[PDB]
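The form deposited in one PDB entry is given below as one chain in structure tokens.
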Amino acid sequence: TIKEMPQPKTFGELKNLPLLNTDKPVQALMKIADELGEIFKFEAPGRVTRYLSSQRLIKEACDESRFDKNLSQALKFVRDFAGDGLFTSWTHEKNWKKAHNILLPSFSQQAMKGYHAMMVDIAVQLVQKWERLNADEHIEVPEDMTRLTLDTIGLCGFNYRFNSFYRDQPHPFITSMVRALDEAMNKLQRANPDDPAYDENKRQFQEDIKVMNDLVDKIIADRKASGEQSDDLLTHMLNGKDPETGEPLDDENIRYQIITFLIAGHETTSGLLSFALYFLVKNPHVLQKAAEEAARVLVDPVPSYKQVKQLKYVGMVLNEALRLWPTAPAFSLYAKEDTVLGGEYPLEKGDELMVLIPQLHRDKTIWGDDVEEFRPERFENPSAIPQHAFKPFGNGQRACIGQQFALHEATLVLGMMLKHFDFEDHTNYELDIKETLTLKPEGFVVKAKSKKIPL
């Protein structure tokens, strides 16, 4: 039976647009989904989209014969500096399939054996930082996790050291990247963007793009000028040929790929580690089980690749953090042809869908009544999970190319943190989720008491 779609409250001629005039739009859309259910229409002047929250409908949205990746307005604003890199390109652009074919082997689970030593380099810098704190001191969790994830992708990506553990103020490239990302996100709720009042924003945005291009173009030119073969993605991109076209990536597209990886490794991955540690300190029995696994498995001064693979419970902790607060919380699709969603909702070719991942991950028909509880054991038997119920890394050929990298890095770092320190929630931290490009537990702080185990 063809059904009328619910719609949240309207503001006359502005329709639903003012609902996203908020500093926590994902959390606002989750509350709307709680009220309206598995699908709702969102209208603004000149656009309509449909927000999906149920596994029943998202399993159909994930059918690549019926739906392809759409560039949200968010991605279109980020494309002004990420260009036709993998994340901000349409599936039909030549540079998407070329870069996908060239880079897939560099991002495989087996490729992680080659990045492992570099990931350990940065993970040891984090452990040494925390070992060197004085008794009276605390840890700023998202800040240190971001130092770690940014430095890991810089070193594994391009053999470039941001040296984030040597700094209070970000590296100048990172101040320009963060300010460009903040401008991109700010433009989503900026009425009259061509008001001369925004001339200062536009000048600054162009300066920040120039800072990013200048450093990345220099690193690519320097690498071509040296002939050096390294264990990094830049070597793979300079040498690689697409088997289909037989072509390599050009230097401009390589720059966009590097900027794309640095955005990804600065945002989503540090939020995963921040939320994982938040949930562990709030659930001491889970923390104890994870710490027991780390002590049993990590028997050497630094972890081996194989030891990280044997941190099964730590991997379940990470999946359970991704379930509750996935740090890339939505993605957009368009209908390839006219189609009916869920036997109830007719769509025309081109019609857009948004997948609200945190709400999908709270579908009680999948996870049961205890959906708000942090219970990593939910992931003990993943064959029991119905199709498309768990989507923190997106869908199909447009799924996260970085998934294996992100999870290897996070499992290694969290394993070492649990081996080396006991943790205290010394402030009884009240979760406050700040929304930018990503989600983070803003102001999350802990104390770490060394177990005095040498590296």
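One-based numbering along the sequence shown.
If you look for the form solved in complex with a small molecule, you will not find it shown, but the lines that follow are about it.
Item to complete: Taking 4.5 Å between heavy atoms as the contact cutoff, choose which of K306, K224, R167, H92 touches the small molecule in the bound PDB entry.
Response: Result of the distance check: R167.
Discussion item. Counting any non-hydrogen atom inside 4.5 Å, which residue from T146, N253, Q359, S176 sits next to the small molecule in the bound PDB entry?
Written reply: When the small molecule is considered in the bound PDB entry, the option within 4.5 Å is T146.
Worksheet item: Pick from 147-155, 288-296, 343-351, 307-315: which stretch has a heavy atom within 4.5 Å of the small molecule in the bound PDB entry?
Response: Stretch with heavy atoms near the partner: 147-155.
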